[PDB]
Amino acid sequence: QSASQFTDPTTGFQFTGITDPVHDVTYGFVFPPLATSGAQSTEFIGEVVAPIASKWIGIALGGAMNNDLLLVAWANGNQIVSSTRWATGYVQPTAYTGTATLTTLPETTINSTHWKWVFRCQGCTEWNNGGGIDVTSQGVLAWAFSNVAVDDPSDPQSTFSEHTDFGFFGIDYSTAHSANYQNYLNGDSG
């Protein structure tokens, strides 16, 4: 599949991403402006908009299960529970030990039909194994879905069973940056 540009109609945040038509989950990503001098930013903002039947969602930021930073999240009542994880060998991903801070942003909304997780991921483009993503280039992201609850919903490091579905999409990171990024951080669409 291929990502495209879209706007969140309630927040006005502009993302790059996709909606999976099977589970009707939307994945969106937006990056701070590219730099002219120096290193690129290592953070981005993302969103997951999922029907409540979605019991947990994962994002594989290198587009594969193993050897890349994983984001996992689920609704626990009126709360989003989330973590950064890492996997080797196709087994239960465990707590990431690198430098990454996953922040739930105030736009996050949970209602009777959907959970909408809006997050900031600082340090998430470069991982402690030396890999990461090139925000000037084209790459692949992947998502993982389950309709079965995690083993302990109040624990961010809960174990859980393998996803019931997973999928991929191409993304042109060079067109995924926004001049309004800082405004998103202040809760402004611009």
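Residue positions are given as counts along the sequence shown, with the first one as 1.
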Check your understanding: Is the mean CA B factor in the deposited entry higher across 67-75 or across 98-106?
Key -> 98-106
Exercise for review: State which stretch shows the higher mean Cα B factor in the entry: 29-37 or 54-62.
Suggested key: 29-37
Check your understanding: Based on the PDB record, which member of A149, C124, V49, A142 exhibits the highest Cα temperature factor?
Key -> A149
Exercise for review: Choose from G12, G170, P21, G167 the residue with the greatest Cα B-factor as stated in the PDB record.
Suggested key: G12
Check your understanding: What third of its chain, lowest, middle or highest, does the C-alpha temperature factor of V91 fall into?
Key -> highest
Exercise for review: Divide the modelled residues of the chain into thirds by Cα B-factor and specify which third, lowest, middle or highest, holds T175.
Suggested key: middle
